[PDB]
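Contents: one structure, followed by commentary.
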Amino acid sequence: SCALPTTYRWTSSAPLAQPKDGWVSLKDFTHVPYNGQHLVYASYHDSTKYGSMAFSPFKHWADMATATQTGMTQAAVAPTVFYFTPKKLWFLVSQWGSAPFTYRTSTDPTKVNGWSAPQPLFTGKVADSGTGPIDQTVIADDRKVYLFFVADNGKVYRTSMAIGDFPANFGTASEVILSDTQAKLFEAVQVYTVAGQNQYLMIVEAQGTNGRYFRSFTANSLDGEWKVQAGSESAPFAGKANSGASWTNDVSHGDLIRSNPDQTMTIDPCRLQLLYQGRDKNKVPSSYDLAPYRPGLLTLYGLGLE
Ligand SMILES: OC[C@@H]1O[C@H](O)[C@H](O)[C@H]1O
Ligand SMILES: [Ca+2]
């Protein structure tokens, strides 16, 4: 195995795709390996609203730029895709619409518009938030399925249910598991099982002075306490300080590359890669919702002598 490093260093791709005509951005990526291919769902923004989409399955990252971009006719903003092995079904979890978070199911997750009708997955609210719950992820161990989310408010939230109950509405309850400034625990929480390392990894997007960046935390169990791993802007999990990305100062909402598509959200720490959203650092400010986000890929450096 390969331990997660003390100090992260990455190289970056160029932007991996441009939005198709009529869209301004591609955002909030979720990726699974599927039949030897990359399967990516994402949010998009057009001139006026958010929606969701998938890319046609593609073998190589080089392929992403020409993959077909298909909008979902019932939006599934900020999606999470995985296979739930105890039901033999694929899940797509997302925000807004009929409930704060919803789930939908499929036997073939590549059917962009083939998912079941959305059902409530979470019906809670939280305090001191202008957005409410956003940016969920879902992850399980052998005992429970957990929902983690954020709220643009400096807090990370968690709820859970017994594994044998999933899927169902988690309900209204949630607990604060991490609390800091709004900037430090802002958006885009993700949680993973670290293969061969007997631990769990969380990343959370923060607003830095130089751009968006990710902060990492580790825990010994999904119901355990999270402790910071790489939390400063100058020595982050991933950010301008260590991304190797020349084109973007932001390293923002996406997904680590998972080694298998199931509910454990497993990553291979020997092949650590981040599918992120970035934006041209030289494009003058405009509204956030019109920001020209694009996919990018970070790949961790190999070990070296220095
Ligand atoms: O893309 C819509 C929202 O903005 C941010 O990318 C956030 O993470 C997501 O909820
Ligand atoms: Ca997400």
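Chains: A, B, ... in order of the structure tokens. Residues: from 1 per chain. Ligands: from 1, in order shown.
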
Residues at most 8 Å from ligand 1, using only C-alpha atoms and all ligand atoms? Could they come as an mmCIF file with N, CA and C atoms, in the first residue's frame?
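Output file part36.cif is given in full below:
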data_model
loop_
_atom_site.group_PDB
_atom_site.id
_atom_site.type_symbol
_atom_site.label_atom_id
_atom_site.label_comp_id
_atom_site.auth_asym_id
_atom_site.auth_seq_id
_atom_site.Cartn_x
_atom_site.Cartn_y
_atom_site.Cartn_z
ATOM 1 N N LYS A 27 -19.726 21.503 -13.736
ATOM 2 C CA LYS A 27 -19.461 21.688 -12.310
ATOM 3 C C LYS A 27 -19.749 20.434 -11.508
ATOM 4 N N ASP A 28 -19.174 20.390 -10.292
ATOM 5 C CA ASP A 28 -19.683 19.524 -9.230
ATOM 6 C C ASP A 28 -19.627 18.044 -9.607
ATOM 7 N N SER A 43 -23.175 18.904 -12.550
ATOM 8 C CA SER A 43 -24.053 20.041 -12.756
ATOM 9 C C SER A 43 -23.610 20.796 -13.996
ATOM 10 N N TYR A 44 -24.506 21.574 -14.562
ATOM 11 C CA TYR A 44 -24.153 22.564 -15.556
ATOM 12 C C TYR A 44 -24.898 23.835 -15.207
ATOM 13 N N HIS A 45 -24.423 24.951 -15.751
ATOM 14 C CA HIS A 45 -25.217 26.185 -15.738
ATOM 15 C C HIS A 45 -25.323 26.681 -17.171
ATOM 16 N N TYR A 50 -29.181 26.431 -13.174
ATOM 17 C CA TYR A 50 -28.455 25.144 -12.985
ATOM 18 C C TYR A 50 -29.292 23.981 -13.518
ATOM 19 N N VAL A 77 -28.968 18.427 -9.493
ATOM 20 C CA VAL A 77 -27.860 19.292 -9.229
ATOM 21 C C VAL A 77 -26.938 18.702 -8.144
ATOM 22 N N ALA A 78 -25.631 18.868 -8.369
ATOM 23 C CA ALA A 78 -24.565 18.450 -7.446
ATOM 24 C C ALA A 78 -24.710 16.960 -7.141
ATOM 25 N N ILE A 134 -26.544 21.523 1.273
ATOM 26 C CA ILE A 134 -26.058 21.439 -0.075
ATOM 27 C C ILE A 134 -24.934 20.439 -0.157
ATOM 28 N N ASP A 135 -24.649 20.002 -1.372
ATOM 29 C CA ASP A 135 -23.421 19.268 -1.673
ATOM 30 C C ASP A 135 -23.294 17.999 -0.825
ATOM 31 N N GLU A 187 -18.048 24.244 1.225
ATOM 32 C CA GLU A 187 -18.824 23.501 0.217
ATOM 33 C C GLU A 187 -18.201 22.164 -0.104
ATOM 34 N N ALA A 188 -18.939 21.353 -0.851
ATOM 35 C CA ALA A 188 -18.322 20.303 -1.666
ATOM 36 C C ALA A 188 -17.637 19.226 -0.854
ATOM 37 N N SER A 252 -11.809 23.224 -7.026
ATOM 38 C CA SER A 252 -13.156 23.289 -6.471
ATOM 39 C C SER A 252 -13.965 22.037 -6.825
ATOM 40 N N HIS A 253 -15.174 21.993 -6.271
ATOM 41 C CA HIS A 253 -16.083 20.858 -6.229
ATOM 42 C C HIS A 253 -15.881 19.796 -7.318
ATOM 43 N N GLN A 277 -13.357 21.046 -10.475
ATOM 44 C CA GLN A 277 -13.732 22.190 -11.282
ATOM 45 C C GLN A 277 -12.787 23.332 -11.054
ATOM 46 N N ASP A 289 -22.679 32.583 -10.495
ATOM 47 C CA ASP A 289 -23.441 31.534 -11.200
ATOM 48 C C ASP A 289 -23.081 31.465 -12.673
#

Original post:
Neighbours of residue A:129 within 8 Å (only C-alpha atoms; same-chain residues fewer than 5 positions away dropped), as a VMD selection string?
Top reply: chain A and resid 151 to 153

Subject >> Those of stretch 229-272 of chain A in DSSP strand (DSSP E or B), formatted as a ChimeraX atom specification >> reply: /A:229-232,235-236,238,248,252-256,258,262,266-267

Writing out the chosen residues with N, CA and C atoms as a PDB file, in the first residue's frame:
ATOM      1  N   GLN A 229      -5.984  16.901   8.448  1.00  0.00           N
ATOM      2  CA  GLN A 229      -4.811  16.303   7.855  1.00  0.00           C
ATOM      3  C   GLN A 229      -4.010  17.389   7.137  1.00  0.00           C
ATOM      4  N   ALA A 230      -4.529  17.970   6.090  1.00  0.00           N
ATOM      5  CA  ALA A 230      -3.923  19.052   5.341  1.00  0.00           C
ATOM      6  C   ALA A 230      -4.940  20.161   5.210  1.00  0.00           C
ATOM      7  N   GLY A 231      -4.843  21.151   6.093  1.00  0.00           N
ATOM      8  CA  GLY A 231      -5.869  22.141   6.237  1.00  0.00           C
ATOM      9  C   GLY A 231      -5.582  23.598   5.977  1.00  0.00           C
ATOM     10  N   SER A 232      -4.333  23.964   5.678  1.00  0.00           N
ATOM     11  CA  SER A 232      -3.992  25.326   5.437  1.00  0.00           C
ATOM     12  C   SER A 232      -3.975  25.628   3.951  1.00  0.00           C
ATOM     13  N   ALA A 235      -0.616  24.816   2.502  1.00  0.00           N
ATOM     14  CA  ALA A 235      -0.280  23.409   2.459  1.00  0.00           C
ATOM     15  C   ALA A 235      -1.568  22.608   2.503  1.00  0.00           C
ATOM     16  N   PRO A 236      -2.355  22.675   1.437  1.00  0.00           N
ATOM     17  CA  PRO A 236      -3.695  22.129   1.419  1.00  0.00           C
ATOM     18  C   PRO A 236      -3.715  20.695   0.992  1.00  0.00           C
ATOM     19  N   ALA A 238      -5.497  20.136  -1.805  1.00  0.00           N
ATOM     20  CA  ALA A 238      -5.324  20.522  -3.220  1.00  0.00           C
ATOM     21  C   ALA A 238      -5.756  21.963  -3.365  1.00  0.00           C
ATOM     22  N   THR A 248      -5.922  27.809 -13.722  1.00  0.00           N
ATOM     23  CA  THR A 248      -6.944  28.090 -12.728  1.00  0.00           C
ATOM     24  C   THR A 248      -6.258  28.327 -11.404  1.00  0.00           C
ATOM     25  N   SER A 252     -11.809  23.224  -7.026  1.00  0.00           N
ATOM     26  CA  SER A 252     -13.156  23.289  -6.471  1.00  0.00           C
ATOM     27  C   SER A 252     -13.965  22.037  -6.825  1.00  0.00           C
ATOM     28  N   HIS A 253     -15.174  21.993  -6.271  1.00  0.00           N
ATOM     29  CA  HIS A 253     -16.083  20.858  -6.229  1.00  0.00           C
ATOM     30  C   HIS A 253     -15.881  19.796  -7.318  1.00  0.00           C
ATOM     31  N   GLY A 254     -15.502  18.610  -6.858  1.00  0.00           N
ATOM     32  CA  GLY A 254     -15.449  17.453  -7.728  1.00  0.00           C
ATOM     33  C   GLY A 254     -15.432  16.168  -6.955  1.00  0.00           C
ATOM     34  N   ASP A 255     -14.593  15.220  -7.409  1.00  0.00           N
ATOM     35  CA  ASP A 255     -14.578  13.868  -6.849  1.00  0.00           C
ATOM     36  C   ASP A 255     -13.209  13.291  -7.058  1.00  0.00           C
ATOM     37  N   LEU A 256     -12.632  12.686  -6.018  1.00  0.00           N
ATOM     38  CA  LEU A 256     -11.474  11.825  -6.212  1.00  0.00           C
ATOM     39  C   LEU A 256     -11.895  10.671  -7.132  1.00  0.00           C
ATOM     40  N   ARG A 258     -12.437   7.109  -7.878  1.00  0.00           N
ATOM     41  CA  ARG A 258     -12.733   5.932  -7.076  1.00  0.00           C
ATOM     42  C   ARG A 258     -12.378   4.674  -7.840  1.00  0.00           C
ATOM     43  N   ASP A 262     -18.780   1.215  -5.950  1.00  0.00           N
ATOM     44  CA  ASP A 262     -19.744   0.883  -4.936  1.00  0.00           C
ATOM     45  C   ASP A 262     -19.860   1.913  -3.826  1.00  0.00           C
ATOM     46  N   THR A 266     -14.486   3.854  -2.374  1.00  0.00           N
ATOM     47  CA  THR A 266     -13.098   3.519  -2.178  1.00  0.00           C
ATOM     48  C   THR A 266     -12.180   4.205  -3.190  1.00  0.00           C
ATOM     49  N   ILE A 267     -11.056   4.687  -2.676  1.00  0.00           N
ATOM     50  CA  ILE A 267      -9.962   5.260  -3.491  1.00  0.00           C
ATOM     51  C   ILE A 267      -8.688   4.450  -3.242  1.00  0.00           C
TER      52      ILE A 267
END

Subject >> Residue with smallest distance to residue A:93 - pool A:70, A:263, A:131, A:198, counting only C-alpha atoms >> reply: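 Residue with the minimum atom-to-atom distance to residue A:93: A:263.
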
Original post:
Any idea what's packed within 6 Å of stretch 141-147 of chain A, counting only C-alpha atoms, ignoring anything in its chain fewer than 3 positions away? Could you give it as a ChimeraX atom specification?
Top reply: /A:137-138,158-163

I need the chosen residues saved as a compact mmCIF listing (two decimals), in the first residue's frame, with N, CA, C and O atoms.
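Result file part.txt:
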# COMPACT_ATOMS: atom_id res chain seq x y z
N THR A 137 -22.75 14.04 0.09
CA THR A 137 -22.23 12.79 -0.38
C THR A 137 -22.85 11.67 0.48
O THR A 137 -23.41 11.94 1.55
N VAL A 138 -22.75 10.43 -0.01
CA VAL A 138 -23.27 9.27 0.65
C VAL A 138 -22.17 8.22 0.63
O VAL A 138 -21.49 8.03 -0.37
N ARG A 158 -23.75 15.40 9.46
CA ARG A 158 -23.84 13.96 9.23
C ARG A 158 -25.15 13.42 9.74
O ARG A 158 -25.65 13.80 10.84
N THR A 159 -25.70 12.45 9.03
CA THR A 159 -26.75 11.56 9.53
C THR A 159 -26.49 10.17 8.99
O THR A 159 -25.57 9.97 8.20
N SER A 160 -27.26 9.19 9.43
CA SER A 160 -27.01 7.80 9.07
C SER A 160 -28.26 7.00 9.21
O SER A 160 -29.23 7.42 9.87
N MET A 161 -28.25 5.79 8.66
CA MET A 161 -29.28 4.79 8.86
C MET A 161 -28.60 3.44 8.79
O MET A 161 -27.53 3.27 8.22
N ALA A 162 -29.26 2.40 9.31
CA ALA A 162 -28.79 1.05 9.19
C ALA A 162 -28.66 0.65 7.73
O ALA A 162 -29.49 1.00 6.90
N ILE A 163 -27.61 -0.13 7.41
CA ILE A 163 -27.38 -0.50 6.02
C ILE A 163 -28.58 -1.20 5.40
O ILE A 163 -28.87 -1.00 4.23

**OP:** Check the smallest atom-to-atom distance from each of A:79, A:130, A:109, A:100 to ligand 2 using only C-alpha atoms and all ligand atoms, then report the winner.
**Re:** A:79

Subject >> Residue with smallest distance to ligand 2 - pool A:218, A:136, A:102, A:95, counting only C-alpha atoms and all ligand atoms >> reply: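 Under the stated criterion, the closest residue is A:136.
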